[PDB]
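*Asks:* Residue numbers (PDB author numbering), protein chains in the order written: chain S, 1 to 262; chain Q, 1 to 262; chain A3, 390 to 436.
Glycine residues also receive a C-beta, built at the ideal position from the N, C-alpha and C atoms.
This is the structure I want to talk about, given as structure tokens.
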Amino acid sequence: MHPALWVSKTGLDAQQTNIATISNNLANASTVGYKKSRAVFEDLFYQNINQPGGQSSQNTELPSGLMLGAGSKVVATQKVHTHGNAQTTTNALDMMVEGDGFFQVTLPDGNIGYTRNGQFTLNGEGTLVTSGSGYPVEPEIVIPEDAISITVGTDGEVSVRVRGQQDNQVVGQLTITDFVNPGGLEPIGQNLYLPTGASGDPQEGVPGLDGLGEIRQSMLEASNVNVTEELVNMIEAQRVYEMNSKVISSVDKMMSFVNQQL
Amino acid sequence: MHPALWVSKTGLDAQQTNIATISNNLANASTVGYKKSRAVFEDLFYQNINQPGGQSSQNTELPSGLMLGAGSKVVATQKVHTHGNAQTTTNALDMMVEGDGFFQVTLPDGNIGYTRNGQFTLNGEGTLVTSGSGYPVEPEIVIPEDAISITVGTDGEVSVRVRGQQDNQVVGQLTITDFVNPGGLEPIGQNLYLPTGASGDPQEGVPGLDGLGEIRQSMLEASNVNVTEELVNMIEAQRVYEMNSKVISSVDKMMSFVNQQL
Amino acid sequence: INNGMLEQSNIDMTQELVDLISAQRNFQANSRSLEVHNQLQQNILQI
């Protein structure tokens, strides 16, 4: 009914999405290998009442035209893929990618899901699986019941030590996948990513050559969320949200006054 | 609409700049060689309704007239160029100017910038540069690769020791620049100033002589901000801000009342 | 080059503790400024 009513609706919508993004970051303040997200704001189209640069008289043009905006919106949720701090643990089956790279696990549908989480465990058959839903890790790493200790090298070589045998028994070789644009991956939950069109082709190789990161045994990657940043962004978003509520309230009072008078 | 609305608007605008001035002083409390700013308030022009000192009649005059002010504004953000305290450090490439003077560096555009921060370092060629953007220090000081130690005297003479050789081989001479009015310098960020018309013509010379300060090696100059003053000024600036909003709030209620009645 | 020795850290607990206290103080001052600004905004949003 009124242009300022629709413009502030877009402002309220953007701030609700911004707060929801912050609420998701603070919820995942202890999740292993979680990458924080930031909402990206952009203004909407401008209505063209007076054209800037239109020739009003010869040798004279409008220095600035009457262009009314349509509000603002949140256009994207950017996953900030900066490295998180390392947690030192006594577990031997939890790993970490020091640098670029994603662990690859086999989803039930058949595809491969890429994860930054390193919390792994064993299934009944001894296959190295995720500590959550239990997805097998690509390539499969089966630890025989003849082993007394598991050591995973920097280059991803999984080796176990056999009792009564003075020699490491190599039982696997982990390969990690890097993406040119990891922020373009589609988060599907459960600390898993799926490749997308803008993510780029998956490039797989040995973990430590050709720009890939290193596998760190007995170490976990913390989330990169900054609780100080999220709370300050929470306060700012709450005020901007209340800014557009006053504009709607003023427009609401304006229309009520006109109804009574006009 | 109402004169009290425009007068109180200038009060809110003035206090916002004053609070923003103090908020920057608090942010740069740990910046080496930072000079605090002060906000200077002054009232605006006065509307001459009745001229004070007019001629009410022969043998008499108006003692005081009716002149309404237009509010206030922050006319300047004055820099207080007093010396901060001294920090002793183990690094031999950070120096402090004990007294008047500024270090000089070469900006990428070509002109010479002036800094009070002493955190310097070397680049790949051994030339002395700043520890931030890496601007070379004027005049260029090149530390030979055979140097075993670096000593900078009071008079800015940079000397190094070569293994197997007595005496200090002089590698260069540091020169500092003084200004009659350091408050007129234009800060361009990165702890750098550019001379303006109000600053005056730069005067160079050897440090420790001709009125210039002395170069204290392995020492730094902390920020001169007084957190006690900033916090107290913050409270006063907020109270003036809220009492200006009361007039706008009061005028809004009055204009609402007139709309309902008149 | 000397054998039989190691280089330990070049940090001083005293200086680190002092800088910790000073940094906490600066953080608290900046947060106080932020709170003052937020209170000003809230007061403006209550006309």
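Going along the chain, which unbroken runs of the beta strand (DSSP E) with 3 or more residues stay wholly within the stretch 64-136 of chain Q?
*Replies:* If we require 3 residues or more, the beta strand (DSSP E) runs fully inside the stretch 64-136 of chain Q come out as 66-69, 72-79, 86-88, 95-98, 103-106, 112-115, 120-122, 128-130.
*Asks:* Kindly list, in the order they appear in chain S, the residues whose Cβ is closer than 8 Å to that of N427 (chain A3).
*Replies:* The answer, in chain order, is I235, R239.
*Asks:* At a CB-CB cut-off below 7 Å, which residues of chain Q make contact with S398 (chain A3)?
*Replies:* Per Cβ cutoff of 7 Å: no residues; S398 (chain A3) is ~13 Å from chain Q at best.
*Asks:* Got a sec? Which residues, its chain only, sit under 8 Å from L66 (chain Q) by beta carbon, not counting five neighbours each side?
*Replies:* Within the same chain, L66 (chain Q) has close Cβ partners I49, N50.
*Asks:* With a threshold of 8 Å between beta-carbons, can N415 (chain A3) be considered close to chain Q, or not?
*Replies:* So yes, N415 (chain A3) belongs to the interface.
*Asks:* Closer than 7 Å: is that where the CB of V171 (chain Q) sits relative to any heavy atom of the ligand GDP?
*Replies:* Looking for the ligand GDP in the displayed structure turns up nothing, as the structure carries no ligands at all.
*Asks:* Excluding the 5 residues flanking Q16 (chain Q) on each side, which residues of the same chain have their C-beta closer than 8 Å to its C-beta?
*Replies:* Answer for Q16 (chain Q): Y241, listed in chain order.
*Asks:* What in chain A3 is Cβ-close to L231 (chain Q), meaning under 7 Å?
*Replies:* Per Cβ cutoff of 7 Å: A418, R421.
*Asks:* Could you tell me whether any Cβ in chain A3 is nearer than 8 Å to the Cβ of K253 (chain S)?
*Replies:* No, no contact with chain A3.
*Asks:* For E230 (chain Q), is the classification buried or exposed, using 16 other Cβ atoms within 10 angstroms of its Cβ as the cut-off for buried?
*Replies:* By the 10 Å Cβ count, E230 (chain Q) comes out buried.
*Asks:* Taking 8 Å as the CB-CB limit, is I19 (chain Q) close to chain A3?
*Replies:* It does; some Cβ of chain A3 falls within 8 Å.
*Asks:* From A20 (chain Q) to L434 (chain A3), what does the alpha carbon distance come to, in whole angstroms?
*Replies:* For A20 (chain Q) and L434 (chain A3), the distance between alpha carbons rounds to 19 Å.
*Asks:* Helix, strand or coil for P52 (chain Q)? Go by DSSP, reduced to three states.
*Replies:* Reduced to three states, the DSSP call for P52 (chain Q) is coil.
*Asks:* Return helix, strand or coil for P207 (chain S), following the three-state DSSP convention.
*Replies:* DSSP places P207 (chain S) in strand when its eight states are reduced to three.
*Asks:* Under the DSSP definition of a beta bridge, which residues are partnered with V142 (chain Q)?
*Replies:* Per DSSP, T127 (chain Q).
*Asks:* Roughly how many angstroms lie between the CA atoms of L262 (chain S) and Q260 (chain Q), to the nearest whole one?
*Replies:* So the alpha carbons of these two residues sit roughly 14 Å apart.
*Asks:* Could you check where the alpha helix (DSSP H) with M254 (chain Q) kicks off and where it finishes?
*Replies:* 227-261 is the span of the alpha helix (DSSP H), which, as asked, contains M254 (chain Q).
*Asks:* Is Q430 (chain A3) close to chain S, meaning its C-beta is less than 8 Å from at least one C-beta of that chain?
*Replies:* Chain S, which has a Cβ nearer than 8 Å to the Cβ of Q430 (chain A3), makes this yes.
*Asks:* List the whole-angstrom C-beta distance separating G153 (chain Q) from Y135 (chain Q), where the pair is believed to meet the contact cut-off of C-beta under 8 Å.
*Replies:* The pair is not a contact, with the Cβ atoms about 23 Å apart (cut-off 8 Å).
*Asks:* Per DSSP, what kind of secondary structure is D155 (chain Q) in: helix, strand or coil?
*Replies:* If DSSP states are grouped into helix, strand and coil, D155 (chain Q) belongs with coil.
*Asks:* Between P182 (chain Q), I143 (chain Q), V137 (chain Q), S64 (chain Q), which lies nearest to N168 (chain Q) when the distance is taken from Cα to Cα?
*Replies:* Selected option, being the one with the closest Cα: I143 (chain Q).
*Asks:* Spell out whether any CB of chain S is found under 8 Å from the CB atom of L434 (chain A3).
*Replies:* Chain S, which has a Cβ nearer than 8 Å to the Cβ of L434 (chain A3), makes this yes.
*Asks:* Just to confirm before moving on: does the CB-CB distance between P202 (chain Q) and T177 (chain Q) stay below 8 Å?
*Replies:* Closer than 8 Å, so yes.
*Asks:* Taking the alpha carbon of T106 (chain Q) as the reference point, which residue from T10 (chain Q), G126 (chain Q), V258 (chain Q), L194 (chain Q) has its own alpha carbon closest?
*Replies:* Checking every option, the nearest Cα to that of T106 (chain Q) belongs to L194 (chain Q).
*Asks:* Work out the CA separation of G11 (chain S) and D43 (chain S) for me, nearest whole Å.
*Replies:* Each residue's Cα considered, the two are about 10 Å apart.
*Asks:* How many whole angstroms separate the CB atoms of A222 (chain Q) and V97 (chain Q), which I take to be in contact at a CB cut-off of 8 Å?
*Replies:* Rounded, the Cβ-Cβ distance is 13 Å, inconsistent with contact.
*Asks:* In terms of alpha-carbon separation, which member of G53 (chain Q), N233 (chain Q), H2 (chain Q), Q238 (chain Q) lies closest to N427 (chain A3)?
*Replies:* For the residues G53 (chain Q), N233 (chain Q), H2 (chain Q), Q238 (chain Q), the minimum Cα distance to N427 (chain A3) belongs to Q238 (chain Q).
*Asks:* On a Cα-Cα basis, can you pick out the residue from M254 (chain Q), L220 (chain Q), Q173 (chain Q), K253 (chain Q) that is closest to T115 (chain Q)?
*Replies:* Ranking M254 (chain Q), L220 (chain Q), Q173 (chain Q), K253 (chain Q) by Cα distance to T115 (chain Q) puts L220 (chain Q) first.
*Asks:* Since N85 (chain S) and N191 (chain S) are thought to touch, with beta carbons under 8 Å apart, how far apart are those beta carbons, to the nearest angstrom?
*Replies:* With a Cβ gap of about 17 Å, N85 (chain S) and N191 (chain S) do not count as contacting.
*Asks:* Mind checking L174 (chain S): buried by the 16 CB within 10 Å criterion, or exposed?
*Replies:* That one is buried.
*Asks:* What's the C-alpha gap between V171 (chain S) and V160 (chain S)?
*Replies:* Cα-Cα distance, rounded: 7 Å.
*Asks:* If we ignore side chains and look at the alpha-carbon of each, how far apart do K73 (chain Q) and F179 (chain Q) end up?
*Replies:* Roughly 28 Å between the two C-alpha positions.
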